[PDB]
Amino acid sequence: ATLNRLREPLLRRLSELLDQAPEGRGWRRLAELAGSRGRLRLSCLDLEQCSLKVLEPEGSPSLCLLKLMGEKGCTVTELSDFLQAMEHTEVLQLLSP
């Protein structure tokens, strides 16, 4: 099933963890990677709408992003693939001149 259809506690938890992740592997980098590596396409405007969530008392840009990716077809295993690609590309970029 797609991320936006995940049980709502689990999706909450995913979004909290991604919200706490460092800049190099945060929701913006996740959007960057999913918007270039798959047929899933995000514009700057979508990212903006998610970014504004932080203005709500306990708002989550990662919750917005994950739901949007799910609506665009992303599944849990696809998200996991994306996150480990994030890890690999981060360390490869650190080691690159």
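Just count from 1 along the sequence shown to find any residue number.
J.: Mean C-alpha B factor from the entry: is it higher for 25-33 or for 40-48?
T.: Averaged over C-alpha atoms, the B-factors run higher in 40-48.
J.: Where does the C-alpha B-factor of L6 rank in its chain, lowest, middle or highest third?
T.: For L6, the deposited C-alpha B-factor lands in the highest third.
J.: What third of its chain's C-alpha B-factors does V76 belong to: lowest, middle or highest?
T.: Ranked within chain, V76 CA B lands in the highest tercile.
J.: Taking only the Cα B-factors deposited for this chain, tell me whether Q84 sits in the lowest, middle or highest third.
T.: For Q84, the deposited C-alpha B-factor lands in the middle third.
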